Amino acid sequence: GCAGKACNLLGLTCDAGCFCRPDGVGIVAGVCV
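Note on numbering: positions run from 1 along each chain as its sequence is written and may not match the entry's numbering; residues without coordinates are not listed. Derived side-chain values reflect all non-hydrogen atoms in the structure, with water molecules and hydrogen atoms excluded from consideration.

- Structure determination for this PDB entry is given in the record as solution NMR.

- Per the PDB header, the title for this entry is "Solution structure of MCh-2: A novel inhibitor cystine knot peptide from Momordica charantia".

Structural data, given as structure tokens:
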């Protein structure tokens, strides 16, 4: 539950432990879990 706003699977920008998850299949944009 470290969804600050959004997270692109082109790096990292989520709290330690919360992996950056993409929206779905074939999508680079997503949000921190």
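This is not the end of the story, as more comes after the structure.
## Brief notes about the overall build of the protein chain
- The helix and strand inventory of the protein chain stands at 0 helices and 3 strands.
- Shown N-terminal to C-terminal, the secondary structure of the protein chain runs as helices and strands in the order β-β-β.
- For the C-alpha atoms alone, the extent of the protein chain along its principal axes is close to 25 × 15 × 15 Å.
- The buried share of the protein chain, taken over its 33 residues, is 18%.
- Residue contacts follow a heavy-atom distance rule, with two residues in contact if any of their heavy atoms lie within 4.5 Å. Within the protein chain, residue pairs in contact and separated by at least 24 positions form 24% of the contacts whose partners lie at least 6 positions apart.
- To measure how exposed things are, a 1.4 Å probe is used in the Shrake-Rupley method; for residues, cover is taken only from the protein chains shown. Accessible area of the protein chain: about 2,400 Å², with a carbon and sulfur share of 60%. Helix and strand definitions here come from DSSP, where helices need a minimum of 4 consecutive H or I residues and strands a minimum of 2 consecutive E residues; each element is numbered from the N-terminal end. Between buried and exposed lies partly exposed: a residue is buried under 20% and exposed over 50% of the maximum accessible area for its type, with that area taken using a 1.4 Å probe on protein chains only.

## Considerations on the nonpolar core
- Working definition of a nonpolar core: buried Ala, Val, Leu, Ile, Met, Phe, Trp, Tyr and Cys residues. They are joined through side-chain atoms within 4.5 Å. By size, the foremost hydrophobic cluster in this structure holds 5 residues: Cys7, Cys14, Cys18, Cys20 and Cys32.
- Sequence-distant contacts of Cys7, defined by excluding residues within four places in its chain, comprise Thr13, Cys14, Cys20, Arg21, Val28, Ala29, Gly30, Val31 and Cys32.

## Looking at the state of the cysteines
- The rule for a disulfide is simple: a pair of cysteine sulfur atoms within 2.5 Å. Going through the model one piece at a time under the given rule, you end up with 3 disulfides.
- In this model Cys2 forms its disulfide with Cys18; the gap between the sulfur atoms is 2.0 Å. Here the disulfide of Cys2 and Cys18 is left-handed, its torsion about the S-S bond being about -65°. Of this pair, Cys2 sits in the segment before β1 (7-8) while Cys18 sits in the loop between β1 and β2 (20-22), placing them 16 residues apart in sequence.
- The class of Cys18 is buried, set by a relative accessible area of 13%.
- Put simply, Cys7 and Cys20 are joined by a disulfide, and their sulfur atoms are 2.0 Å apart.

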